[PDB]
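J.: First, the structure itself, so that you have it in front of you.
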Amino acid sequence: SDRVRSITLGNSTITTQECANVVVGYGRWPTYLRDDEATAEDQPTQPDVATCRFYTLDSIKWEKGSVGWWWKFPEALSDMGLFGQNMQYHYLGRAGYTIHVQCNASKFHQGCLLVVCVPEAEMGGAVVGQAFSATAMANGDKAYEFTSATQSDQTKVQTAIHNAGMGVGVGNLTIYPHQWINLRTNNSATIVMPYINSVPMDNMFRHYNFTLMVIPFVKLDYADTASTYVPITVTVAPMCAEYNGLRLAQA
Amino acid sequence: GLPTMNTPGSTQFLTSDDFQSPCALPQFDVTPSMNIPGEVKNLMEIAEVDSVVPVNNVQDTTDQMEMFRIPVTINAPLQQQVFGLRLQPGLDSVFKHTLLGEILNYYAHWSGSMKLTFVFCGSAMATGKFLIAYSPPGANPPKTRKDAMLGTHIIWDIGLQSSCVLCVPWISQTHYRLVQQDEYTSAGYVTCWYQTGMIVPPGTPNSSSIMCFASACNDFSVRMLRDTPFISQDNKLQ
Amino acid sequence: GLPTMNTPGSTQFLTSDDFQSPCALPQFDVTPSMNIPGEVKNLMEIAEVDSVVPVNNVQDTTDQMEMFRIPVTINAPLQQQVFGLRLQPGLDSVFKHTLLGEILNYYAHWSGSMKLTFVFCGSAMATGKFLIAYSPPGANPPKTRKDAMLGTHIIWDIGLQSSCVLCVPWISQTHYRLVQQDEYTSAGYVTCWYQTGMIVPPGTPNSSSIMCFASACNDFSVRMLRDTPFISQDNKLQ
Amino acid sequence: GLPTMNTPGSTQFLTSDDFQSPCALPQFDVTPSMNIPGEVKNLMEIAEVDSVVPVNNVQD
Amino acid sequence: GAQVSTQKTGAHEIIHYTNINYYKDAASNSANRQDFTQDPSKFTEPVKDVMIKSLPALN
Amino acid sequence: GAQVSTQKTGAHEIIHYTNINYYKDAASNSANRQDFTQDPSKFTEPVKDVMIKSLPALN
Amino acid sequence: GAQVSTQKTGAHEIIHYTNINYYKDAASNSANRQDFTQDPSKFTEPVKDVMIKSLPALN
Amino acid sequence: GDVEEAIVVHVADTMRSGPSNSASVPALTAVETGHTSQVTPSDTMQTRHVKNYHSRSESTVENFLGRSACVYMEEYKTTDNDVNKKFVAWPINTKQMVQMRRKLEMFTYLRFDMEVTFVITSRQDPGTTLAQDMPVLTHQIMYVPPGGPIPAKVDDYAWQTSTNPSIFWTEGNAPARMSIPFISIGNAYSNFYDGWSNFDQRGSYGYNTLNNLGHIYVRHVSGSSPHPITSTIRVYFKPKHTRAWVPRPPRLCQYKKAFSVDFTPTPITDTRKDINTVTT
Amino acid sequence: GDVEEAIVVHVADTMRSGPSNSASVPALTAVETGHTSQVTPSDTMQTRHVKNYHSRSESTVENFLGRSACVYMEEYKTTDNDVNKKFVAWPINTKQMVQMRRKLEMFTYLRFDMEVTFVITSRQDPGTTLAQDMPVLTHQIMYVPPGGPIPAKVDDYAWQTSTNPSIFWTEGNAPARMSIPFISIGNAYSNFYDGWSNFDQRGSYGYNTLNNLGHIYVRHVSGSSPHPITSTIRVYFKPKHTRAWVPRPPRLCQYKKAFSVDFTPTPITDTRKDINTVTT
Amino acid sequence: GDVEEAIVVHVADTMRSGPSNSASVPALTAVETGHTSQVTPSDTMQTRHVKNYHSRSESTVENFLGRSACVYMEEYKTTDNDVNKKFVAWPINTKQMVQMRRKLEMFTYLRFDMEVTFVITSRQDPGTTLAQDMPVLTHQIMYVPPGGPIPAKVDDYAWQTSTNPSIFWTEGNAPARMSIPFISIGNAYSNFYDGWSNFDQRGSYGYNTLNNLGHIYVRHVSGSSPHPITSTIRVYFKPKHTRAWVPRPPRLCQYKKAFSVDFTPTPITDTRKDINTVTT
Ligand SMILES: CCCCCCCCCCCCCCCC(=O)O
Ligand SMILES: CCCCCCCCCCCCCCCC(=O)O
Ligand SMILES: CCCCCCCCCCCCCCCC(=O)O
Ligand SMILES: CCCCCCCCCCCCCC(=O)O
Ligand SMILES: CCCCCCCCCCCCCC(=O)O
Ligand SMILES: CCCCCCCCCCCCCC(=O)O
């Protein structure tokens, strides 16, 4: 059967028994930087198994009135194991990712989720002009919630769901690497993201490589059951990570 | 020197010309190239990707996300219509802003076939059959399921496979059609009807939703670039 | 004659063009060439020569020559800083007017590694050790010797060889950096600390000086000529 | 560049000239050709067909 | 140093043009708009395991 | 990539001209007004059975 | 009498241009900015005895 | 080999004919068959041998239609109170000018490339005070394929064409010119269309249904003189690489509408005193 | 050999298909995999054999982005009391004009050479006395890479460029033009930048951080008329040798800032009477 | 064979380096020898293998000095009461304009061909009555090698050059241009001359002694308007085929004389709070 999948990174394993295929970025698998594309001269460090492993990113509740959530990477892993330490101690970083989203429900539930990775998901403020701090869209592994109505608080991002916070139609996010979780036939989505950027390496604190979004297109529904909510969990594993520029701990 | 004479068109500035010009930064060393993932070489590659179609434009949608899901109910008359729409990918409000309509709106002519993919998002225990039909251009759109079944159609059975594809063939008198479609270049209608009806067991929701995806086939093509009418400004941005 | 049509750019005067033009003195006999010593063919050859860096800019220097020598004393706390500076070769006041900064100020982009050479000019009987470190860009410059030693550094032992070289590697996210450096293209800091302390025997001066030399490595390069902002005039010279 | 001198007739617009000019729609894909019946290549072909002559012009 | 190449023509009906470069910088050349290669698999088929159209998508 | 062809001259008295194409689109070429083939049978003799001029038209 | 030579291009990606001289004086030619030879030893290593980098500078 | 040197008909000659006496009757025929007789003078009288060097070079459709002809002219002013009078907006068609219209309508279907030339001239409007100094004017010609945005005023945003082709031309130079390929959706242009727009035989009728070629807009780029100045533009079309099908008789009645065949009945021809009158 | 003669695709054809009755189900699929179905009409109905000669030549990114589009216009006067109003100073960016901005922002990263064209026009300002005689004007366009000196007045010393490229253009001639190579420090231009300037996530945010392309200055060389004259310059950009990566959906909301993504929420699309309405 | 097809360096790469423990000390050297250390990062830390495609193409002296720079401007009027104010007379030298002067004085000796371009513009002088009609003006540029006759007025006989080269230029066309060979009596131009004119160390001192390049004269050919008109000429120099010897440090102090090195003492550089200050 092709509905069973198993993934082994480092000292951690993921098993799914009811799943769809695996989506691989833009057809490219993560890989190390080549000698003819590098620019930095000093030797890189490659922790390997110490950093390339699955980390569980806390959990959230799916209610009948949920609208959606987003996470920004690699900020979401900024304080997670030795990956966070290497991020803190090094000037430059580079790594691909494997994203696994778990959501399971009985045969009598219904609903559909879109899981999509958006590279360079620049977002606009709630009030045109003005400005917002780096806390309205990234504060660690905590998830940020979209809003059904138009946002009004000037201190946070425009969370109107139907625009995805980017000024574009929410229905066109299918162009990015994505997968659907349909409770009829699916329990988990798996996406492998290569490193995408305009430069060989970049500082992992200053720049958000990509944003993960989970959006319920068909809202959850059920009847006459004791289960009131459906938890959703996100797991992420860096791949082929390497760092450069050792400079004492700093943001 | 060499005798010459200038012809009409000298000293004109044509925005779509191809001529060589001097370089303002001689012997400039460009940065080495790098193979970033996801290179796109032709806009048809973008046009061939699926995108969700907002079919439920019922003029009283207080929630914008409600546009994407088509309602379905357990008890309905034996023959009933689920939805109906005009096949004007570049002009109809349904397809206007999709990932395909946006690309088409930059061009004047189009041709080729289209794919409509429907996905059932009900409970795993729900079941039903639907008839999806394409009616070529004519003086009257179909009014009942007997009228619809005379055209191109497919019977969709809901089961383990959640999705079915209606491939709209290219039936036209001309090689190309206008994006700003008029009566001369009409393209027809698409309608969906109950085939058997939706049946549910005890302990399940009484309503379900369907979604539609639109994309182009491998014989699709466009022509005659033009400016899109969707974006405009009144003053210089600052 | 031969039909032709003029394209945009005709009759323009572009200051960086390459075209042939008539000679105003036909058949002029130029003086024979002579091989004068010291021919220079590329400005990087000039940029690769050492020059004294005025590190001691303490805002109260009544004597200009005092800028070039860095003070040192016999008795100092166990860990103490000798000097600190930003690595902005084309913008920092320390490197602005050196033989390398002057060349850089004619260009907009630069890349490659750098050499900093330090020479001890104390008595022959004096001795000591110094730690010289380069800290890549970050949110906070080092404040103590434990912070500095985490970056690239070299331990310098003063002996018969009077000079030591700190080679600043090229660690950057982009292939090139702006000469008018901004926060996006920061380059880091350089600091020097006492490693053991300076010890002297009886009958020697209690203070000594160090000097710094700056030059580029063999992988250095520049790009995008521009006018230097260091020289200006208000009226025509006469 | 190459020395040249313009001769009489430069910048004139002669309605019966034959010169190349830039295309305003680069790389445009024309519709495939089809052999419609009854192609005419020379007006003498039309002139060689019979036609009724109105000889009886008697003013009344 | 003259390149000779075909110029675009319709359907299936001297269809040659000549080009010469005059400047020393490759940036001065004219647009190279004669290339028509394309591959949509990067966006339409990004899955790992190959899927056969005639076979069921799952199981 | 230069075409050489004869230029029109009267009766029976270097009658050669040279042409080069500069643009990448065949629509930019000059008019091809040197073709003189013609066939009036499509309009003068559209009948099915061949008619011999010397023979009677009917019977 | 036409010279054909490569024109500058970036990294590792018809990169040829043609040049002809029209005037009788070499001073009329265009700038010869394609030469990239250089040798800094005249200014960086003007010493008489060769110095080995790995060996001590003195003794 | 760099040169491709591999790249004239004359009318039929007259053959010598002598006396004849036979059963063959070349002169007698029957027009009822729809057949045009192919007899020659050699078949009905004695003739000498003649060599013909005449050629039908100038009668080809390529040469017949290969002449530039005016198709439209209009005027627009640099400054005025009425916004609509400071620019032009023409829906492209070939039925506006009579001569080229009649030349084209001798055929039912045409397929050709096009060469378009623009002639622009300016003049100062009369008034009580004309003393001014104005630099040379500049003009913009914009082509908008069907469905594109249309400018509503001389300084609208639509004039910033990012995809619509345009030409900027300065007075005193040679006229602007360009080439256009065959841009029809069908396999050939149709001068006539005997049909309707709606499937139930209703709506627009005639050639008007198939005219979807776009628009042309023109303006002064930024010229706005203290005193009004009027400019006129003329558009010339010149078919190239022409092919034609199904010839039809030339029109007899004068034209009366730009998008209809409507006409007034006209006599077949002029009259004369009687059927025998042959004098002037 | 002097000539290098060694230097077209067509869409897929349709194959004949007959009746079928089998276990294969091409029509049934699963979108949950992220896979777009590759079915063709041949797989769901009987079809005839068709040869397609259509090509996707005009859809390439090279042709899509290979059109000149306006990016900036401004006015400057030959003589005036305000010093700052006699010359222009523009920080180069592509976010000023909406159409080309939207065309570019369909991709995340771009790499191309540039072709820049300048269109300059002049007009006399209105006044109570306009009678003057003025020779032809001349203009200078100066490009200052980042960090270079900037002129503070029309007759400053900085205009004596010894290393900054410049163009001198006289009215009445063809528009000025030049070519520019790929001048980015990174391996590609970035239309979007989701990051900050400072390492502690503070300071400027967005695309504004990576815009360090320099400035453009323009002036009248020495023209100073007795009466004011106003000139306008328009800048046109034309990418060449283009490459693009990571396509992203076209923008839906109107633009409101030149250096920000800020917007106002917009409906997904227009409405209709009900889900079955199909008539006009 | 007609074509001569027989007619790139890249900086040094970085080699992989591992841990080391040995008696060799590449880092330790002695600057007293006048030797600049040739160490590389590979000699003091572990490094990866890097391929460098950077080239030093734009740093060559040919490209550094191969930009047109203004060297002189002056004004002359078509009609005036003062005879000396109707034409210009400039002794050629390169010390008038600061930027190109500083660029040149980075070397002691130079040898190159020259390309000279002239930019001329005209404007009407203000006055109580400006209404006139004047045809296009024409200008003459005359070059007089040292020792030749010099004109004393706008209509002198000396302007009938039989051997002095000249250019006649009409307004509205492209700027005038020409090429000049290496016209020095010595084997190279000298920017600096530490010596005297007389053999007993007396007289003129410095570069002024070796400047014998001639003069340039300019006038309106025959234009003499009823009302004054002022014209300005700008001269641009552009070295070609350059060779340089003996580099010297760039100047620090501002220039004060056109024919002397005189200066005012200047601080070495700007100051900061203390030797440890590293913040903004
Ligand atoms: C049977 C009549 C058919 C007529 C077909 C005419 C086709 C030519 C249309 C050309 C319109 C555009 C010309 C100007 C374009 C520009 O200004 O760039
Ligand atoms: C993603 C947007 C990137 C835009 C990059 C634009 C690069 C072109 C800049 C050209 C500026 C100089 C043009 C004029 C030069 C001159 O006048 O000599
Ligand atoms: C170290 C500085 C040396 C400068 C040498 C400059 C040599 C060029 C002199 C050119 C003068 C004549 C140019 C105009 C001639 C003409 O108008 O025909
Ligand atoms: C700056 C180059 C000017 C070229 C002028 C046109 C070409 C003249 C030579 C004829 C063509 C042969 C070219 C070649 O040998 O490659
Ligand atoms: C854009 C093409 C410009 C061609 C310029 C004129 C021809 C120069 C080359 C001499 C003729 C040889 C042409 C050929 O080799 O086919
Ligand atoms: C004053 C020289 C004018 C040259 C005109 C362009 C070249 C025409 C000849 C074609 C190229 C061949 C040159 C050669 O034989 O070396």
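In the structure tokens, chains take the letters A, B, ... in the order shown, each chain's residues start at 1, and ligands count up from 1 in the order shown.
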Can you tell me which residues come within 6 Å of ligand 5 when counting only C-alpha atoms and all ligand atoms, ideally as number ranges by chain?
T.: E: 2, 18-20; F: 1-2, 22; H: 2; I: 3
J.: Would you superpose chain C on chain B, least squares on all C-alpha atoms in order, and hand back the fitted chain as a tab-separated table (two decimals) with C-alpha atoms, in the first residue's frame?
T.:
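Done, and the output landed in superposed.tsv:
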```
chain	number	residue	atom	x	y	z
C	1	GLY	CA	31.35	58.86	-47.08
C	2	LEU	CA	28.92	56.11	-47.98
C	3	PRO	CA	25.77	57.64	-49.55
C	4	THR	CA	22.58	56.88	-47.62
C	5	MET	CA	18.99	58.06	-47.31
C	6	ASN	CA	16.67	57.87	-44.31
C	7	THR	CA	13.33	56.09	-44.62
C	8	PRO	CA	10.09	56.67	-42.71
C	9	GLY	CA	10.31	55.76	-39.05
C	10	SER	CA	13.67	57.39	-38.35
C	11	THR	CA	14.09	58.89	-34.87
C	12	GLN	CA	10.85	57.30	-33.63
C	13	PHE	CA	10.60	55.56	-30.26
C	14	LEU	CA	8.61	52.31	-30.53
C	15	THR	CA	8.16	50.69	-27.13
C	16	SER	CA	8.45	47.14	-28.54
C	17	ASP	CA	11.60	47.51	-30.66
C	18	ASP	CA	14.78	45.41	-30.56
C	19	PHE	CA	17.96	47.43	-31.16
C	20	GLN	CA	21.47	47.50	-29.76
C	21	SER	CA	22.52	50.45	-27.62
C	22	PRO	CA	25.74	51.58	-25.92
C	23	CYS	CA	26.50	50.37	-22.41
C	24	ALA	CA	26.75	53.08	-19.76
C	25	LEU	CA	29.04	50.99	-17.50
C	26	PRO	CA	31.73	49.50	-19.77
C	27	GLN	CA	33.44	46.30	-18.62
C	28	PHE	CA	31.16	45.86	-15.60
C	29	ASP	CA	31.61	42.50	-13.86
C	30	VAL	CA	28.23	40.95	-13.06
C	31	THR	CA	27.68	38.72	-10.06
C	32	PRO	CA	28.02	34.98	-10.79
C	33	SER	CA	24.79	33.18	-11.59
C	34	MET	CA	23.17	30.79	-9.12
C	35	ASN	CA	20.49	28.16	-9.78
C	36	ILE	CA	17.67	29.21	-7.46
C	37	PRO	CA	14.92	26.55	-7.28
C	38	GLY	CA	11.69	27.07	-9.15
C	39	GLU	CA	12.64	28.77	-12.41
C	40	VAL	CA	9.69	29.78	-14.59
C	41	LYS	CA	10.25	30.22	-18.32
C	42	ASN	CA	6.71	30.57	-19.71
C	43	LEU	CA	3.52	32.00	-18.22
C	44	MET	CA	1.51	29.00	-19.42
C	45	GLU	CA	3.35	27.01	-16.75
C	46	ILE	CA	1.68	29.26	-14.17
C	47	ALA	CA	-1.64	29.07	-16.01
C	48	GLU	CA	-1.64	25.26	-15.85
C	49	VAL	CA	-1.79	25.17	-12.03
C	50	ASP	CA	-5.13	24.65	-10.29
C	51	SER	CA	-6.79	27.41	-8.29
C	52	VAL	CA	-9.99	27.55	-6.26
C	53	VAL	CA	-12.95	29.01	-8.16
C	54	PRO	CA	-15.39	31.23	-6.20
C	55	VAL	CA	-18.62	29.81	-7.61
C	56	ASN	CA	-20.95	30.87	-4.76
C	57	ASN	CA	-21.43	34.56	-5.62
C	58	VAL	CA	-24.97	34.94	-4.27
C	59	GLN	CA	-24.93	38.70	-3.67
C	60	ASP	CA	-25.67	38.29	0.06
C	61	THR	CA	-22.42	36.69	1.25
C	62	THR	CA	-21.62	38.42	4.54
C	63	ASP	CA	-18.54	36.18	4.87
C	64	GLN	CA	-16.10	36.26	1.97
C	65	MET	CA	-14.84	32.70	2.50
C	66	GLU	CA	-18.38	31.40	1.91
C	67	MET	CA	-17.88	32.11	-1.80
C	68	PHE	CA	-15.63	29.09	-2.31
C	69	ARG	CA	-17.97	26.31	-1.10
C	70	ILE	CA	-21.05	25.08	-2.97
C	71	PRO	CA	-23.88	23.93	-0.65
C	72	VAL	CA	-25.40	20.45	-0.79
C	73	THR	CA	-28.27	18.93	1.19
C	74	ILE	CA	-29.53	15.45	2.02
C	75	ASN	CA	-33.16	15.81	0.88
C	76	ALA	CA	-33.75	17.43	-2.49
C	77	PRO	CA	-36.21	16.91	-5.36
C	78	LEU	CA	-35.24	14.06	-7.65
C	79	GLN	CA	-33.78	16.39	-10.30
C	80	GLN	CA	-32.27	19.63	-9.03
C	81	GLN	CA	-29.51	21.99	-10.11
C	82	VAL	CA	-26.42	22.42	-7.96
C	83	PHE	CA	-24.86	25.34	-9.86
C	84	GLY	CA	-24.64	26.97	-13.26
C	85	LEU	CA	-22.12	29.33	-14.83
C	86	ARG	CA	-20.98	30.84	-18.12
C	87	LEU	CA	-17.72	29.67	-19.69
C	88	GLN	CA	-16.00	33.05	-20.07
C	89	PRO	CA	-12.66	32.49	-18.33
C	90	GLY	CA	-11.43	36.05	-18.81
C	91	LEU	CA	-14.67	37.98	-18.37
C	92	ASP	CA	-17.00	36.07	-16.04
C	93	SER	CA	-16.84	37.14	-12.41
C	94	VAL	CA	-16.42	33.48	-11.43
C	95	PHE	CA	-13.20	33.00	-13.41
C	96	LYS	CA	-12.15	36.66	-13.58
C	97	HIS	CA	-9.73	36.70	-10.64
C	98	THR	CA	-8.58	33.07	-10.62
C	99	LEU	CA	-4.98	32.14	-11.36
C	100	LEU	CA	-6.03	31.48	-14.97
C	101	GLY	CA	-8.23	34.53	-15.47
C	102	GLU	CA	-5.49	36.84	-14.21
C	103	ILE	CA	-3.06	35.48	-16.81
C	104	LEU	CA	-5.68	35.66	-19.55
C	105	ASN	CA	-6.49	39.28	-18.74
C	106	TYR	CA	-3.00	40.28	-19.95
C	107	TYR	CA	-3.81	38.94	-23.44
C	108	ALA	CA	-6.49	39.47	-26.07
C	109	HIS	CA	-6.88	36.03	-27.70
C	110	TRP	CA	-6.97	32.54	-26.21
C	111	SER	CA	-7.59	28.98	-27.36
C	112	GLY	CA	-7.41	25.43	-26.05
C	113	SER	CA	-9.24	23.18	-23.63
C	114	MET	CA	-9.81	23.57	-19.89
C	115	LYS	CA	-9.99	21.34	-16.82
C	116	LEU	CA	-12.58	21.72	-14.07
C	117	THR	CA	-11.86	19.59	-11.00
C	118	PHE	CA	-14.50	19.04	-8.32
C	119	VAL	CA	-13.75	17.74	-4.83
C	120	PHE	CA	-16.30	16.50	-2.29
C	121	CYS	CA	-15.58	17.64	1.27
C	122	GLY	CA	-18.37	15.86	3.15
C	123	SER	CA	-18.21	13.11	5.72
C	124	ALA	CA	-16.52	9.82	4.93
C	125	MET	CA	-19.87	8.02	5.33
C	126	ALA	CA	-21.73	10.29	2.90
C	127	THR	CA	-22.37	9.15	-0.67
C	128	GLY	CA	-23.95	10.43	-3.86
C	129	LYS	CA	-23.74	10.84	-7.61
C	130	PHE	CA	-23.65	14.04	-9.66
C	131	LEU	CA	-24.02	14.80	-13.36
C	132	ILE	CA	-21.72	17.55	-14.67
C	133	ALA	CA	-22.37	18.71	-18.22
C	134	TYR	CA	-20.93	21.19	-20.72
C	135	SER	CA	-23.37	22.68	-23.24
C	136	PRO	CA	-21.81	24.30	-26.34
C	137	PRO	CA	-23.06	27.73	-27.42
C	138	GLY	CA	-26.73	27.98	-28.26
C	139	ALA	CA	-29.81	30.16	-28.10
C	140	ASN	CA	-30.93	28.83	-24.70
C	141	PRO	CA	-29.06	27.41	-21.68
C	142	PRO	CA	-30.36	24.09	-20.32
C	143	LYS	CA	-33.23	24.35	-17.85
C	144	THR	CA	-33.57	20.73	-16.68
C	145	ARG	CA	-31.40	17.64	-16.31
C	146	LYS	CA	-32.80	16.12	-19.51
C	147	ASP	CA	-31.69	19.21	-21.44
C	148	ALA	CA	-28.22	19.13	-19.87
C	149	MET	CA	-27.52	15.44	-20.52
C	150	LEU	CA	-27.67	15.96	-24.30
C	151	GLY	CA	-24.28	17.71	-24.22
C	152	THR	CA	-20.84	16.62	-23.08
C	153	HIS	CA	-21.06	15.30	-19.53
C	154	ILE	CA	-19.62	12.91	-16.96
C	155	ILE	CA	-21.31	10.97	-14.16
C	156	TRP	CA	-19.34	11.47	-10.94
C	157	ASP	CA	-19.42	8.74	-8.28
C	158	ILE	CA	-18.27	9.77	-4.81
C	159	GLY	CA	-16.11	7.18	-3.07
C	160	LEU	CA	-12.52	6.72	-1.95
C	161	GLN	CA	-11.36	9.01	-4.76
C	162	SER	CA	-12.55	12.43	-3.67
C	163	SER	CA	-12.05	14.26	-6.98
C	164	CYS	CA	-13.35	14.07	-10.54
C	165	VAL	CA	-12.25	15.99	-13.63
C	166	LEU	CA	-14.53	17.48	-16.28
C	167	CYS	CA	-12.38	18.25	-19.32
C	168	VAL	CA	-14.04	20.98	-21.38
C	169	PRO	CA	-13.14	20.29	-25.03
C	170	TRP	CA	-12.22	23.00	-27.51
C	171	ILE	CA	-15.26	23.24	-29.79
C	172	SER	CA	-15.16	26.46	-31.79
C	173	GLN	CA	-15.61	27.77	-35.31
C	174	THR	CA	-12.49	29.97	-35.10
C	175	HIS	CA	-8.96	29.05	-34.09
C	176	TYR	CA	-9.01	31.71	-31.36
C	177	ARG	CA	-11.50	33.45	-29.08
C	178	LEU	CA	-11.52	36.96	-27.67
C	179	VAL	CA	-10.84	37.41	-23.97
C	180	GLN	CA	-13.40	40.24	-23.96
C	181	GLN	CA	-15.90	37.70	-25.22
C	182	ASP	CA	-18.89	38.93	-27.21
C	183	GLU	CA	-21.90	37.12	-28.63
C	184	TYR	CA	-19.96	36.16	-31.77
C	185	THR	CA	-17.36	34.19	-29.79
C	186	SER	CA	-19.63	32.64	-27.13
C	187	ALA	CA	-18.29	29.50	-25.45
C	188	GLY	CA	-21.27	27.84	-23.75
C	189	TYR	CA	-22.40	26.95	-20.24
C	190	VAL	CA	-21.52	24.51	-17.46
C	191	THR	CA	-24.11	23.07	-15.08
C	192	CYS	CA	-24.25	20.41	-12.36
C	193	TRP	CA	-27.28	18.35	-11.34
C	194	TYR	CA	-28.18	15.70	-8.80
C	195	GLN	CA	-27.94	12.23	-10.33
C	196	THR	CA	-29.11	10.07	-7.41
C	197	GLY	CA	-29.06	12.31	-4.36
C	198	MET	CA	-26.92	12.57	-1.23
C	199	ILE	CA	-27.54	9.96	1.48
C	200	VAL	CA	-26.15	10.01	5.03
C	201	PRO	CA	-26.34	7.64	8.02
C	202	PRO	CA	-27.36	8.64	11.55
C	203	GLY	CA	-24.99	10.89	13.44
C	204	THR	CA	-23.62	12.96	10.55
C	205	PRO	CA	-24.12	16.58	9.49
C	206	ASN	CA	-27.05	17.18	7.15
C	207	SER	CA	-25.11	19.48	4.79
C	208	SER	CA	-21.87	19.28	2.84
C	209	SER	CA	-19.77	21.42	0.51
C	210	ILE	CA	-18.00	21.05	-2.83
C	211	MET	CA	-15.12	23.07	-4.26
C	212	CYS	CA	-14.08	23.69	-7.86
C	213	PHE	CA	-10.60	24.04	-9.37
C	214	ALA	CA	-9.83	25.56	-12.77
C	215	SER	CA	-6.74	25.11	-14.93
C	216	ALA	CA	-5.64	24.91	-18.55
C	217	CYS	CA	-4.67	21.83	-20.55
C	218	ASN	CA	-1.43	21.24	-22.43
C	219	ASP	CA	-2.87	22.62	-25.70
C	220	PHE	CA	-3.74	26.02	-24.20
C	221	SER	CA	-2.18	29.17	-25.62
C	222	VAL	CA	-2.63	32.95	-25.61
C	223	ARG	CA	-1.75	35.81	-27.93
C	224	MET	CA	-1.69	39.59	-28.38
C	225	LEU	CA	-0.38	41.11	-25.14
C	226	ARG	CA	-2.38	44.00	-23.67
C	227	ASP	CA	-2.67	45.95	-20.44
C	228	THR	CA	-4.87	44.49	-17.72
C	229	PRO	CA	-7.90	46.59	-16.66
C	230	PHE	CA	-7.89	45.38	-13.04
C	231	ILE	CA	-5.29	47.83	-11.69
C	232	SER	CA	-5.35	51.62	-11.86
C	233	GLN	CA	-4.12	54.71	-10.03
C	234	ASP	CA	-5.26	58.31	-9.72
C	235	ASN	CA	-2.05	59.93	-8.41
C	236	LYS	CA	1.64	59.14	-8.30
C	237	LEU	CA	2.43	56.82	-5.41
C	238	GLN	CA	4.60	58.16	-2.59
```
J.: Among chain G, which residues carry a DSSP assignment of helix (DSSP H, G or I), reported as a list in words?
T.: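 Output for chain G, helix (DSSP H, G or I) only: residues 26, 27, 28, 41, 42, 43 and 44 of chain G.
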J.: For the selection just defined, write its residues with C-alpha atoms to a file, as a PDB file, in the first residue's frame.
T.:
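And here's selection-v4.pdb as it stands now:
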```pdb
ATOM      1  CA  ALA G  26      46.024  54.911 -34.986  1.00  0.00           C
ATOM      2  CA  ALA G  27      44.963  57.698 -32.615  1.00  0.00           C
ATOM      3  CA  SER G  28      41.460  57.527 -34.108  1.00  0.00           C
ATOM      4  CA  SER G  41      55.441  42.720  -7.273  1.00  0.00           C
ATOM      5  CA  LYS G  42      57.025  46.028  -8.306  1.00  0.00           C
ATOM      6  CA  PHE G  43      55.349  47.737  -5.336  1.00  0.00           C
ATOM      7  CA  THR G  44      54.726  44.907  -2.859  1.00  0.00           C
TER       8      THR G  44
END
```
J.: For chain G against chain B, which residues fall within 10 Å using only C-alpha atoms, given as a list in words?
T.: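 Residues passing the distance filter: residues 7, 8, 9, 10, 11, 12, 13, 33 and 34 of chain G.
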